[PDB]
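Presented below, as structure tokens, is a lone chain in the form deposited in one PDB entry.
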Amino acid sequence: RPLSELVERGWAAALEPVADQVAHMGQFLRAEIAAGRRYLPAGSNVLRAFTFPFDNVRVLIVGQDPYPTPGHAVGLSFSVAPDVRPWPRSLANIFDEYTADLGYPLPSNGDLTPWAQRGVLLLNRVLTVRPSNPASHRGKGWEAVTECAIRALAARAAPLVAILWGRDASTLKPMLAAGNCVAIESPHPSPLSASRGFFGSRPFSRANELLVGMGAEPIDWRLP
């Protein structure tokens, strides 16, 4: 199916340079199934981050690979379905920072869809994984797709704040360099850094200070 059927209109235009590579990745996933290997998230969720409007993205959160445990990955980085419990460790850590940074009560569930609906792009650099095999689809072709996405956001006239929660943070920074109104949060602790740099990093409040300083609306980070 063409991009226009898979992703939101603005994203379909932004991702046109990787249209053939996206189709190629569809073929890779089919071949995995044919080879007797599984992948996560579900096929219908692989491109889910790009189903919210490109034009309203104001914050980019970048992870590395999807959750490797069956029933966790849902196509938005770090998110889980609202009936998943206990939360994965990374997400529990994210929520302990959420409460500290913002002063909001602990969320009821792990669904980050409200962030996506408000202009937060919950991107992983690699969009699929073989279950129980962490980082197993590294180098299989997603990187050109997600790089295209990142560079497209940075080329927009609009403000953008980037939060780098993956191992490749240092490879990602240059992709964000050309954007005139792009601010990248540094340093780059990841959720599992926990009290050795992640807690107290204030990613949500800092994003909003930066957006407001650039004349953009803040993100409402509140979760139920």
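In case it trips you up, residue 1 is the first one in the sequence shown, and so on. Only the largest set of C-alpha atoms that superpose within 1.5 Å between the two forms is called the rigid core.
This next part talks about the form deposited in another entry, which is not shown.
A.B. asks: So which one of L29, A158, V46, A183 actually moves, Cα shift of 2 Å or more between the shown form and the other one once the core is superposed?
C.D. replies: The residue that shifts is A183.
A.B. asks: Checking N56 here: with the core superposed, does its CA move 2 Å or more between the shown form and the other one?
C.D. replies: Result for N56: no, shift under 2 Å.
A.B. asks: Since the Cα separation of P191 and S79 moves by 3 Å or more in the other entry, tell me which way: closer or farther than here.
C.D. replies: Their C-alpha distance grows by at least 3 Å in the other entry.
A.B. asks: Quick one: with a 3 Å or larger change, is the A183 to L164 CA distance smaller or larger in the other entry? Answer closer or farther.
C.D. replies: Their C-alpha distance shrinks by at least 3 Å in the other entry.
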